[PDB]
Amino acid sequence: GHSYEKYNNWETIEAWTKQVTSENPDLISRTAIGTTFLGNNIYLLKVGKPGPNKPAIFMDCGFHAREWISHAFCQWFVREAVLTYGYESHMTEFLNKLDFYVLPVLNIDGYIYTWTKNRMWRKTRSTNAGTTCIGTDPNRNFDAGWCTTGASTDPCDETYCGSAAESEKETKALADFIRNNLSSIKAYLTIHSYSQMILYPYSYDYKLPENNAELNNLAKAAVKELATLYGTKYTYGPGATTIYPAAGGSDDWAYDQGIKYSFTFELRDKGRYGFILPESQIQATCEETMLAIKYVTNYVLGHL
Ligand SMILES: CCCCC[C@H](NC(=O)OCc1ccccc1)P(=O)(O)O[C@H](C(=O)O)c1cccc(NC(=N)N)c1
Ligand SMILES: [Zn+2]
């Protein structure tokens with residue numbers, strides 16, 4: 001069965017996407033935006049009160065297989081939305097005015113692999129010509145200074161950038177969806193762990209986004225809000241200098257598509273447990289993260 005305070009396997013998450021949609025048809029619609037290399041369905045939940053030409057915020061989880069708290073957060077977010085709509089003024093306003101496009105798990109094949117074989121797997125699970133080595137790093141696989149830095153051209157490496165940008169079915173599917181909905185998508189949020197950071201562009205170069213001052217102010221406010229709940233300390237800044245240079249990331253790509261608010265979130269913790277964050281921290285992690293995501297949403301709505 002599904003639990004919001006446990007890590008759920010794909011079969012359970014999949015069944016959950018069907019159930020939560022079935023139970024909340026006036027707030028959620030479910031679509032598939034493609035298949036993974038191994039034929040799993042890439043679900044996308046449109047969360048919001050339906051209406052004509054609404055703006056949207058896009059959020060994905062589960063880019064990286066081992067970052068289990070990421071997957072947990074997208075599920076937590078959806079429950080919070082449906083439970084508090086009509087009762088909490090901000091979320092009610094949010095869902096009335098815009099849609100959240102929530103992609104609960106992008107790298108499903110890798111996620112399944114962390115459940116069945118290797119808890120520390122990162123990449124996709126696609127085959128590579130000429131080698132037995134498996135998988136591409138999905139966050140090195142986007143058309144953003146592709147493979148020029150912080151990436152490997154070797155399929156045996158953890159940051160393999162792929163044979164070409166969007167060579168992976170999963171990243172192609174995500175990019176296709178965002179490109180098809182650029183007129184509506186006002187912010188892109190991609191959830192990772194760990195490090196307790198909010199990053200904005202750029203990572204593929206040391207150059208700064210034109211609205212750099214705005215993004216720094218937004219991230220600064222978001223981390224302050226997050227800390228109010230349990231005192232959790234986040235840092236923030238442009239990817240390249242705040243964590244490390246790395247090309248081919250979806251946050252940079254999305255920004256260069258014209259989505260002016262693009263953030264990579266790195267959730268708890270700081271390395272005590274690392275990727276193996278205890279289930280006992282799921283609820284607190286998700287609760288404080290909700291505050292930061294809602295703050296960003298409120299800001300974006302006031303700047304349409
Ligand atoms: C403190 C340890 C965890 C740090 C964050 C994670 N990084 C990570 O696992 O790197 C692993 C690795 C790095 C180098 C060699 C081998 C393995 P991540 O969630 O994979 O980090 C993202 C990534 O590298 O794709 C990330 C973090 C911040 C910004 C961006 N954006 C971007 N365009 N690179 C991307
Ligand atoms: Zn990651």
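The residues of the chain are indexed from 1 along the displayed sequence. As the structure lists them, so they are numbered: ligands from 1, and atoms in each ligand from 1.
Within a radius of less than 2.8 Å around the Zn ion (ligand 2), the protein N, O or S atoms are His64 ND1, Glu67 OE1, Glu67 OE2, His192 ND1.
Partners of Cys161 by disulfide bond (SG atoms under 2.5 Å apart), not counting sequence neighbours, listed by chain and number: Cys147.
Side-chain contact check for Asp60 versus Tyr101: every heavy-atom pair is 4.5 Å or farther apart. By the 4.5 Å heavy-atom criterion applied to side chains, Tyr204 and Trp146 are not counted as neighbours. Contact check for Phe77 versus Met290: side-chain heavy atoms found under the 4.5 Å cut-off. For the pair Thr36/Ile42, a side-chain contact is recorded, criterion being any heavy-atom separation below 4.5 Å from C-beta on.
Note: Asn211 CG to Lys260 NZ = 5.5 Å, rounded to the nearest 0.5 Å.
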Side-chain donor-acceptor contacts of residues 294-304 below 3.5 Å, not counting sequence neighbours, with atom names and distances?
| unit_1 | atom_1 | unit_2 | atom_2 | d |
| --- | --- | --- | --- | --- |
| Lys294 | NZ | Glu88 | OE1 | 2.7 |
| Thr297 | OG1 | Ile293 | O | 2.9 |
| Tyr299 | OH | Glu214 | OE2 | 2.6 |

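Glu168 has no carboxylate O lying under 4.0 Å from a charged side-chain N of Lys172, or vice versa, which leaves the two without a salt bridge.
A heavy-atom cutoff of 4.0 Å around ligand 1 is satisfied by the protein residues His64, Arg66, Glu67, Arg122, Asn139, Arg140, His192, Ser193, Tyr194, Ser195, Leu199, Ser203, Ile243, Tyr244, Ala246, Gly249, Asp251, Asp252, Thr264, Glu266, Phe275.
The only option from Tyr202, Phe263, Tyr188, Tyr261 that meets the ring-ring contact (aromatic ring centres under 6.0 Å, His included) definition with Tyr255 turns out to be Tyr202.
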